[PDB]
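# Understanding the architecture of this molecule
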Amino acid sequence: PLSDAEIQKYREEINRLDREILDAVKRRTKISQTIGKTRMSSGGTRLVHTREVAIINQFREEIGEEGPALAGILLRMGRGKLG
Amino acid sequence: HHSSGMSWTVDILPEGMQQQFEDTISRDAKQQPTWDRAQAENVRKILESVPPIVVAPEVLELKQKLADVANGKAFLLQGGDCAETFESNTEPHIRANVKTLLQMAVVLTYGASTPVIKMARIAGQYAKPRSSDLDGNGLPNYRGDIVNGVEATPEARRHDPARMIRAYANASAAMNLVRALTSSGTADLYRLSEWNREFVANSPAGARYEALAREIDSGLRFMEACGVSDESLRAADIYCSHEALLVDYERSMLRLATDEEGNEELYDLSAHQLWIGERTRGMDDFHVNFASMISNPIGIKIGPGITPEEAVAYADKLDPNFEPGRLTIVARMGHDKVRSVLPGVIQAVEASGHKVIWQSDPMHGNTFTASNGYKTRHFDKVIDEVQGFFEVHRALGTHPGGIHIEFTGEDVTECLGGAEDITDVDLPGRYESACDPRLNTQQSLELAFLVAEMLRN
Amino acid sequence: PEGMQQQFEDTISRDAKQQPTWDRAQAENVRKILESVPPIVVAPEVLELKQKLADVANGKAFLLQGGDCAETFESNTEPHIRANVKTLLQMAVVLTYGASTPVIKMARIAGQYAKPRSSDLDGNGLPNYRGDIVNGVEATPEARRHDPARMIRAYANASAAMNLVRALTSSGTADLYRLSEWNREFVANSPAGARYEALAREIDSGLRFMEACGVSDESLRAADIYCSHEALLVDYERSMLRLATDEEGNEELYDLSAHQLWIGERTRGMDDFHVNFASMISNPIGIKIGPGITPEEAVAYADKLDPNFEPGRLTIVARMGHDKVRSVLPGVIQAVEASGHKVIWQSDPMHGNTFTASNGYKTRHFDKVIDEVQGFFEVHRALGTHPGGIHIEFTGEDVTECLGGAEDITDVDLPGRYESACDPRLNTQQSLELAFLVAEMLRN
Amino acid sequence: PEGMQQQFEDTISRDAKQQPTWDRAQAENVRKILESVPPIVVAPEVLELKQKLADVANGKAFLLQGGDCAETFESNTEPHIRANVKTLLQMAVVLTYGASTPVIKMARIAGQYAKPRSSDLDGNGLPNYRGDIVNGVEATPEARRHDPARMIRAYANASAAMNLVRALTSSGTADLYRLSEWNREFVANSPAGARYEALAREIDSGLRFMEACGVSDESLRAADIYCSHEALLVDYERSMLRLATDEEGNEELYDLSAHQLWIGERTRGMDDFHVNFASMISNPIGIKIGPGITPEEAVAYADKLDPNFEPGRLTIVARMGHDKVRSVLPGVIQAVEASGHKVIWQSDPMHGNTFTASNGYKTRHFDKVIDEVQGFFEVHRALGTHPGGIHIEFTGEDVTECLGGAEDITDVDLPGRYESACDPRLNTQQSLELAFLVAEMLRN
Ligand SMILES: O=C(O)[C@@H]1C[C@]2(C(=O)O)C=C[C@@H](O)[C@@H](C2)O1
Ligand SMILES: N[C@@H](Cc1c[nH]c2ccccc12)C(=O)O
Ligand SMILES: N[C@@H](Cc1c[nH]c2ccccc12)C(=O)O
Ligand SMILES: [Mn+2]
Ligand SMILES: [Mn+2]
Ligand SMILES: [Mn+2]
């Protein structure tokens, strides 16, 4: 139909957004790791629990059900898997 | 038929154990009470004929499980009160701690993909070590309920040998109930998981755990979906342990045991597992030499002044027959020392051919005294020691064998941080520990989920 | 020959569509031969299936059914049977984890030798292929002649196939841990393995949790696979009838050519043979319904086929097309539920989504297959009723019959390895993919 | 097929006695058909059997083998197969109680369709019946012609029988408490029930003891029956050869027409086909030895049929006649034990004790059948070696083929229900009696 032209144009927008998300996830990851290297070079902990929980609950308030999962990906990329 | 003749005629203290004992009894013994030698001896004679707290065959079974931990096939979860008291040795409290440990263990089993051996600080943990003998006022320090009382009076603080008898009574009441609970439904896997879902549902930090928790629930429904019966899932074994500290009590509970073959061993049957404290671990002293001559599995606390040479020397003294899981090395280094000190300890010990259990104690190296004069520990520092412990093991290729934590199933305000965000001013609300600050129920469950992820990596 | 003879007399006197035109005297002598042979299944097995199917209909279990569209004598080989059995079992492990309930595993095997047709039409070799129990695949007059003796051949092939299914499932092929290792190899090797990665790891952590918890068991080493086929051929199905007495002393009539038997879209006339035959046998039975079905026709089928209100007895198999399942099915479900019958609601996402491609090969798009099962779960969640099962046509061979999936099969790919004697089947990969996607549907 | 190929050409390049003379090109077409069909058993099963047979030879288990002397297509029916299966299982429970060890249960079934004949022809120039895999029982020129197509019929019948055997044993026919109720109604109904009362009461107390101890087990609901037959017909046996690759990666060659195959007394030439074929295959093997065997001849068989010294691999089947078993067997046993092979020692108390009665019928006296097994046990007890098992021909039907037993069958009784297509079989009663007596032998 005509809907294929609209869908293909909506998909190119999703592509541009997925690139944005990804570039920004990458940048965020770089900065989270620096904070960890700075805190650990001063004799602090790798993780800060109240800061993680806050970001996690913040994401849920924003997007619902998937918020904790989304946040969890950023926390894991940023401070590493636990263990 | 030379074996036919022989078979008819043949039909129709021991050895150097007494050597090693007198040697051990001769040695200096840190952290002991000052009480009448005659009174103390009379109490030891009473305690020498009473029923032990555990039987030897239980200890031989633990030894096989600890071998599995050491060989990379299982995980050790140890914990409970810093110090039991006779006032707190009550059904509801013992039950609160048993549940808490059992709850932590289901989560850890799921994350470890291995059995978890459940060892409680219980049924004997009545002796604590102290830096000085007297308080600021020349009042004798509280030394745990097996020595004296908490009350700050001279009567209460007097060192009383008869408290060894009260301690044995309370310990056996306690072990009795631990056995009854774990065999009558408290250790039911499905009941335990119902309590964990309530924890997640009601936690202010539940969103941190919900996904791991949904995963575990789907693992449990799967078990049942595959037609797996009730069988092993309705009960579990909890093992008791305490610091082997008070010489008179631990000697009075020595028992001989003869096994399947006819082999004769000396056991300290006040507990399944015993450990040697940081302040009592001189290689020439009573405690280390006592553990070296009893058959019980043994733990030893090592702080951040430990050198690898010293680690090897303990391993040689305590695991001389190269038995996996005979010895657990309990690293309590501080969250900022763990990454620095432990690698070289592990390397020398691994290279020397001992297969010890490597256990993290993230509590005793992370204690500080807050503005308001409360001894406390921060959740994040506790977590970060454990996390550092795991990082070391992943770097070396060795097995993170277990944890040793101080917690209670009560809603106390003793350690800072966690989901409830406990701060300096919250500490005096409900601080009930007779000694060190324990993780509360909520903090214990949070830690089990976090250590689950450490295992999963 | 009990006082139920009156029911039987009524059944065989009914018109039956889709039969062969062969010599009835010769057919009668082949029936008498097959009246004395060992059955394919024994009645206690059928009774056990019936308690399992009550579990499915009551919401406590899930029915996985599938296999070749048409079995053939040429393809009835150890490698081919093993591949389909493996695939079915592999799919079942993933569905079990997703459903959080046991999966009843039912194979289109050991009897699926008859197929319906428009009306035996052709130019030169006039008689169309009706399946290997009637005639042969070759387009000649000699091969296409309707031959009653193929009922003996069918039975011999059915026996051998069922023998082997039984041997595989008891000797290690259906071991839960071995099956999961094969699933691990699927994920590791799929171009879409990253789609399934997370759930696959979860299943494995689940299995490792069982072992860590002290559970060894005999349940994990082995598994039950039930056989099924379309009861289409009158002479074969009636010849495999047997009376069986229970532990309680009840005499019952079974068609022991199979555990489960179903009635096609093209043979489900209320006044005709197949529905009436299904009414008097005690095997659980299923019925295919397409997009034209009305809620009143569904209730009438349920009244006739489940006259004693035995949950699990009837399975209603919606084959409606992805584009009509959402609008047609809700009313059907609502009506049957209200009439008091507890059927198994099963989706057959294959037969409503077939078309012919520009190169003349019959195909099915993976997306339309998935979308029908997806839509079926949507209808069920809306009404709060139990998505009971699926019925899919697949094989554990690397065939090129259905479009889509991870390997991105397109029309040009189809002629490379098209091996069905009838409808296009999901290949091994598409089958395991769909298993994962239905697991997600089950988890929601 | 590299080390193997050398050995296979050597095997098929040797004389085979007791073969049919038929068109070889036909036989070869029939072999090509049978080389593609699903096997009667799969290799993992045979591997499991071999572990179990290793337990027998090492003195931790007992082998019970038996069934028809000769299966026929006519008699290959659900009732007849269930009857033999039931009887085999009932015997096995009694023998399990006496042995205090598991009993491995091995049916003569799903392929015992060939028999050795002394004269090819008879005195009036008619070919003898060689078994339903070669020709018919009907004594005419047409029915006695050697028909290689019967190999396909034998395969189809064996598939069906083995399919049924698996169905029965997984669906409740092998339940321990159900089998014990059948034993109980045997004892309560036998004219010699009082001979077995005490032992039956002991078993029941044992059963009820397990239940009282809280043993809830699926172990007790089902059981494994392995098939066996005499590997006689070259063409059928070689067409059922299959390569199976192991869990650790090894290629072995199996004859998958049965779990166990044996070599008859009239086909065991060291230089001939049957012994060399048996050496080649990795199925467990049996070999019939009669009264003329020497200890040296027995050791030569053990070297050749068990070259890798695998306990349980070889079963030596003593069929010597009751009057010779005590003289001949002791020396055979000592020689083979001293040569370092651990074989299963099995008694066949049937084929050494047959004779023709005054009325013309072939028969066996129960007392002589018993005395041979009794003697076999005496020899084992003296030497300190393990009585491994028994091999008996029986049916679960009320036949009049063997004399003696509780019902005191005599010459006059033989014509009543003589039904065997070859040797005289113990009827149900005699088989169940023999199980009890052999249980006492096991108990001593
Ligand atoms: O302290 C921090 O702010 C950083 C960033 C971090 C994140 O990635 O968002 C949040 C909390 C901490 O555990 C880690 C990860 O350190
Ligand atoms: N008995 C098993 C499973 C189990 C039962 N209760 C438990 C409580 C916690 C952890 C595991 C369990 C085990 O201890 O490993
Ligand atoms: N027999 C169990 C578990 C099992 C074994 N093999 C399987 C294969 C698929 C699904 C489940 C299984 C069941 O069917 O529930
Ligand atoms: Mn403490
Ligand atoms: Mn189809
Ligand atoms: Mn015979």
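Residues numbered from 1 in each chain as written, not as in the entry; some residues may be left out. Chains lettered and ligands numbered in written order. Part of a larger assembly, values for the part shown. Heavy atoms only, no water.

Per the deposited record, the coordinates in this entry were obtained by X-ray crystallography to a resolution of 2.15 Å.

In terms of regular secondary structure, chain C is built from 14 helices and twelve strands. In terms of overall size, chain C behaves like a compact globule, its C-alpha atoms giving a radius of gyration of 21 Å where 444 residues would be expected to give roughly 22 Å. Taking the contacts inside chain C whose residues are at least 6 apart along the sequence as the reference set, 77% of them involve residues at least 24 apart. Summing over all exposed atoms, chain C offers an accessible surface of approximately 16300 Å²; the carbon and sulfur share of this is 47%. For chain C, the centre of its 44 positive side-chain charges and the centre of its 66 negative side-chain charges are spaced 1 Å apart. (Helix = DSSP H or I, 4+ residues; strand = E, 2+ residues; numbered from the N terminus. Rg over C-alpha atoms; globule rule 2.2 N^0.38 Å. Contact = heavy atoms within 4.5 Å. Areas by Shrake-Rupley, 256 points an atom, 1.4 Å probe, with all protein chains shown as cover. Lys, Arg positive; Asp, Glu negative; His and termini not counted. Charge placed at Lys NZ, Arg CZ, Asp CG, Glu CD.)

Residue and element names in this part refer to chain C. Per the UniProt annotation, the sites labelled "binding site: phosphoenolpyruvate" (unreviewed entry) are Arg 108, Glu 265, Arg 266, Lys 288 and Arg 319. Counting through the fold element by element, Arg 108 comes out in strand β2 (residues 103-108). For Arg 108, a relative accessible area of 4% translates into the label buried. Non-local contacts of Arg 108, meaning those with residues more than four positions away in its chain, are made with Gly 66, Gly 67, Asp 68, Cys 69, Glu 71, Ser 228, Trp 262, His 351, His 391, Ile 392 and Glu 393. Separated by 2.6 Å, the side chain of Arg 108 and the backbone oxygen of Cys 69 make a polar contact. You can see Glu 265 is positioned in the loop between β6 (260-263) and α10 (273-280). By relative accessible area, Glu 265 is classed as partly exposed at 26%. Sequence-distant contacts of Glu 265, that is, excluding residues within four places in its chain, are made with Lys 288, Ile 289, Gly 290 and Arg 319. (UniProt positions renumbered as here; feature names shortened; annotations may be inferred. Buried < 20%, exposed > 50% of the residue type's maximum accessible area, 1.4 Å probe, protein only. Polar contact = N/O pair within 3.5 Å; in protein donor to acceptor, adjacent residues only side chain to side chain.)

What follows deals with the coordination of the manganese ion (ligand 5). Residue and element names in this part refer to chain C. The manganese ion (ligand 5) binds to the protein through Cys 69 (SG), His 351 (NE2), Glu 393 (OE), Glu 393 (OE) and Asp 423 (OD), with metal-donor distances spanning 2.2 to 2.7 Å. Take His 351: its relative accessible area is 22%, and that puts it in the partly exposed class. Its relative accessible area of 0% is what places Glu 393 among the buried residues. (Donors = N, O, S within 2.8 Å, 3.2 Å for Na, K, Ca; no water.)

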